[PDB]
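Heads up: the structure comes next, in structure tokens.
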Amino acid sequence: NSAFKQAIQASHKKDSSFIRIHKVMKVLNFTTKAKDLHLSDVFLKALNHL
Amino acid sequence: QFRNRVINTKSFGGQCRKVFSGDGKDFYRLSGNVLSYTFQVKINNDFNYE
Ligand SMILES: *[C@@H]1O[C@H](CO)[C@@H](O[C@@H]2O[C@H](CO)[C@@H](O)[C@H](O)[C@H]2NC(C)=O)[C@H](O)[C@H]1NC(C)=O
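Quick mapping for you: the protein sequence lines, in order, are chains A and B.
Numbered per the working numbering, the first sequence spans residues 4 to 53.
Numbered per the working numbering, the second sequence spans residues 344 to 393.
Shown next as structure tokens:
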């Protein structure tokens, strides 16, 4: 007498997730006068030393 | 390694060079000679799971 039974089960699961954000906020803007600009004393010193 | 004090960073040169730190929300006196000192922030995060 010969009797044989086999059962095999396998499961494979894979998950991949990605996220990227690039968000840019402006809160202040400006424009300089064209003339008569008051230069920094360090800059004036540098120039006068030239 | 950082080493000992070499430059006098607090010779004000008879100037009253106030800067307002928007970070600390406080006024600081710069030296008369430093070219620039500014308080805008950068933050960098690197995070790894294995
Ligand atoms: C600063 O940004 C503003 C916003 O774009 C510039 O122009 C303004 O635009 C809005 C929306 O059209 C208007 O209501 C304003 O009248 C525009 N002028 C200002 C002065 O706000 C502006 O040109 C930029 N530069 C400066 C120096 O304000």
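A virtual CB, placed ideally from N, CA and C, is assigned to each residue, including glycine.
- Less than 9 Å divides the Cβ of B:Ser-374 from the Cβ of B:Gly-356.
- Assignment of beta-bridge partners to B:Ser-364 by DSSP yields B:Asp-369.
- With respect to the C-alpha of B:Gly-365, the residue from B:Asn-351, B:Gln-358, B:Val-384 and B:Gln-344 having the closest C-alpha is B:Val-384.
- At a cut-off of 9 Å, the C-beta of A:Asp-18 has no neighbouring C-beta in chain B.
- Bounds of the alpha helix (DSSP H) holding A:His-52 are 44-52.
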